[PDB]
Amino acid sequence: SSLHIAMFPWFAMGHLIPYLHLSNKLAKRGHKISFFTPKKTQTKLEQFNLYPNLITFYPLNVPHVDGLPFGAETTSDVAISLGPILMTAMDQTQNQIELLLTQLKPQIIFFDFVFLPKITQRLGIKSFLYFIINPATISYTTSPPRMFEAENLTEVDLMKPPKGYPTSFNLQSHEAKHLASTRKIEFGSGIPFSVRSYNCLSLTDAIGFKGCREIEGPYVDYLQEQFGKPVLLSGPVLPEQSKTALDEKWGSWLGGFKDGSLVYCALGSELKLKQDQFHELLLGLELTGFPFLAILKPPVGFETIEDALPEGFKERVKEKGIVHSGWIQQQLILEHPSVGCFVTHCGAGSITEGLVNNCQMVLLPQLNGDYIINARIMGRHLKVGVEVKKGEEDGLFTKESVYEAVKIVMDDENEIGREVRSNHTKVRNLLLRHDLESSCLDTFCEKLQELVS
Ligand SMILES: O=c1c(O[C@@H]2O[C@H](CO)[C@H](O)[C@H](O)[C@H]2O)c(-c2ccc(O)c(O)c2)oc2cc(O)cc(O)c12
Ligand SMILES: O=c1ccn([C@@H]2O[C@H](COP(=O)(O)OP(=O)(O)O)[C@@H](O)[C@H]2O)c(=O)[nH]1
């Protein structure tokens with residue numbers, strides 16, 4: 001029988017988009033989806049709704065919170081430092097969420113962040129905490145062994161995995177320092193960041209993650225053993241095709257370059273670089289001599305790309321490089337045959353989009369636990385990309401380190417480049433295997449049915 005599932009993702013494009021990809025896959029199997037979205041953002045989401053008769057959007061008014069910029073609805077609307085205020089606004093949607101659940105009466109609600117399970121169990125609805133970040137990240141920072149240390153968890157503590165963690169990788173000093181401090185910072189309604197997610201993990205009926213057994217399996221197993229409740233896998237949430245073909249302006253421009261010759265660089269929809277690293281990144285791309293398309297916000301303190309470019313940059317790169325601030329159809333750009341290299345901030349959505357395509361991956365994780373852990377897994381475990389080197393204590397890169405990583409992967413005679421290409425091909429063949437995503441969804445839907453039994 002078909003399930004009625006409500007979707008309540010965090011107010012961020014990197015959560016809304018894969019939640020909607022998954023919504024489409026579930027609607028193809030006959031399930032009815034009630035998709036909760038901030039009101040103005042719904043217009044930008046319609047392009048991803050392939051089953052409008054089964055997936056219905058329900059708008060949420062993002063409430064005012066002192067400090068939240070007027071009209072803001074997603075993390076793409078606010079500086080990263082204002083994310084906690086947007087979380088307070090999510091928390092404050094509780095009244096309109098309660099109303100929606102009582103009228104719509106879904107069997108299950110998928111959610112982020114809102115530690116909701118008390119309301120749903122009052123209403124006889126099953127709560128499902130559904131992550132689109134890596135379960136390796138949650139396992140590393142939010143498993144019970146980490147939370148019982150409370151404020152005694154130091155940077156030295158975070159240089160080791162928690163007890164029982166299933167794999168090994170290394171963090172740099174500045175990364176463990178970042179994890180140790182930001183963990184304690186309030187993220188919405190006075191709740192420390194890791195406490196919030198741990199409360200969600202503890203109070204929800206079941207947990208799910210984007211991913212497959214072959215890659216995410218050890219982490220989901222560890223989390224199931226630690227929290228003693230089902231931790232499901234949805235499959236890798238392969239991107240669905242959009243109803244909008246590639247913008248002719250980009251299609252024309254990309255089509256002027258030889259196959260596999262262009263370096264595409266994008267650091268997602270949320271973050272802004274500081275000027276000095278913006279300069280180092282752009283000079284590093286220029287040094288390679290390959291054509292490039294860099295999708296970047298103007299750096300901190302600047303309002304236009306033009307004002308922040310290194311001196312003489314436009315004049316030198318001419319028509320071979322574009323640095324662009326606006327939202328583009330990244331999934332369609334990565335499919336274009338001109339693209340030979342993807343310099344990625346290692347957001348989990350961008351990683352999936354890179355892996356299912358042919359571009360060589362250069363890993364430039366920004367300062368966020370999931371980006372860093374995705375980068376270590378991709379660079380050291382799957383070995384599908386080359387990571388740009390950062391200073392151990394300062395977390396900064398040089399233009400020469402960007403140049404070096406791109407040069408390695410784009411050099412047909414470089415054996416590291418050939419290696420990461422071969423490994424990437426193996427991972428793409430896995431993720432696109434004719435029965436991989438379907439058998440993940442088969443198991444996923446069987447366990448959701450068990451949950452509502
Ligand atoms: O990046 C992490 C992350 O997601 C991001 O969190 C950012 C906070 O600044 C932004 O909000 C951003 O948009 C969002 O994607 C979540 C998270 C997601 C969904 C949940 O339901 C939830 O409970 C937790 O947990 C983490 C836990 C870590 O220890 C380290 C991490 O790096 C993350
Ligand atoms: O200009 C842009 C920026 C991002 N994306 C998409 O937005 C999502 C970003 O998710 P990810 O986890 O990679 O990064 P975030 O933006 O959340 O840091 C992915 O599906 C990207 O394809 C896009 O289409 N155009």
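Counting begins at 1 with the first residue of the sequence.
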| Distance-only side-chain donor-acceptor flag, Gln42 / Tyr58, under 3.5 Å | no

| request: Carefully, step by step, assess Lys25 and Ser234 under the rule side chain to side chain donor-acceptor pair (under 3.5 Å). | output: CA-CA 10 Å; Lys25 302 176 197 283; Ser234 60; over 6 Å; no

| said: If we count only N and O atoms by modelled type, under 3.5 Å, do the side chains of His174 and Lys390 hold a donor and an acceptor together? | reply: yes

| query | So how far is it from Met361 CE to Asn423 CG, rounded to the nearest 0.5 Å? | reply | 13.0 Å

| request: Compute whether any side-chain donor of one residue and acceptor of the other, for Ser269 and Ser76, lie under 3.5 angstrom apart. | output: yes

| task | Say whether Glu353 and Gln331, considering side chains only, have a donor N or O and an acceptor N or O under 3.5 Å apart. | result | no

| query | With a 4.0 Å cut-off, would you call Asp435 and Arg433 a salt bridge? | reply | yes

| query | Is the shortest side-chain N to carboxylate O distance from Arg380 to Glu387 below 4.0 Å? | reply | no

| query | Distance only, no hydrogens: is a donor on one side chain within 3.5 Å (strictly under) of an acceptor on the other, for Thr352 and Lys210? | reply | yes

| task | Please determine which of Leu179, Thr141, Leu153 meets the side-chain contact (heavy atoms from CB on, under 4.5 Å) test together with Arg146. | result | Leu153

| query | With distance as the sole criterion, is a donor-acceptor pair present between the side chains of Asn134 and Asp370 under 3.5 Å? | reply | no

| Do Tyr165 and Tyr140 have ring centroids that are under 6.0 Å from one another? | yes

| field | Aromatic plane relationship, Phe113 with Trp10 - under 30° parallel, 30 to 60° tilted, over 60° perpendicular | value | perpendicular

| query | So does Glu149 pair up with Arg183, basic N to acidic O under 4.0 Å? | reply | no

| request: Assert yes or no for the condition that the ring centre distance of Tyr219 to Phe209 is strictly below 6.0 Å. | output: no

| query | Between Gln224 and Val231, is there a donor-acceptor pair closer than 3.5 Å when you use the side chain of the first and the backbone of the second? | reply | yes

| Can you tell me how far the CG atom of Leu100 sits from the CG atom of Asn95, to the nearest 0.5 Å? | 11.0 Å

| field | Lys320 with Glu286: basic N within carboxylate O range, under 4.0 Å | value | no

| Without hydrogens or angle criteria, can the side chains of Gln329 and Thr244 be said to hold a donor-acceptor pair below 3.5 Å? | no

| message | To the nearest 0.5 Å, what is the distance between CG on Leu232 and CD on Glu450? | response | 9.0 Å

| query | Checking side chain to side chain donor-acceptor pair (under 3.5 Å) for the pair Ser350/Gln330: CA distance, chi angles, key distance, verdict? | reply | CA-CA 8 Å; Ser350 292; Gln330 168 165 294; 2.9 Å; yes

| Will you find, in the side chains of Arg428 and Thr425, an N or O donor that is under 3.5 Å from an N or O acceptor? | yes

| Salt bridge between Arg29 and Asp442, side-chain N to carboxylate O under 4.0 Å? | yes

| Which one of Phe8, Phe128, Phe35 satisfies the ring-ring contact (aromatic ring centres under 6.0 Å, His included) criterion with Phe110? | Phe128

| request: Report the relative orientation of the aromatic rings in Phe444 and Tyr130; use parallel for angles under 30°, tilted for 30 to 60°, perpendicular for over 60°. | output: tilted

| query | So, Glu175 and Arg376, do they make that salt bridge, N to O below 4.0 Å? | reply | yes

| request: Indicate the ring-plane relationship of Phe187 and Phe193, choosing parallel, tilted or perpendicular according to the 30° and 60° boundaries. | output: perpendicular

| query | Parallel under 30°, tilted from 30 to 60°, perpendicular over 60°: which one fits the rings of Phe48 and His21? | reply | perpendicular

| Is it the case that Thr75 and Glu270 place a side-chain donor and acceptor less than 3.5 Å from each other? | yes

| request: Would you please indicate if the ring centroids of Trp250 and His324 are separated by under 6.0 Å? | output: yes

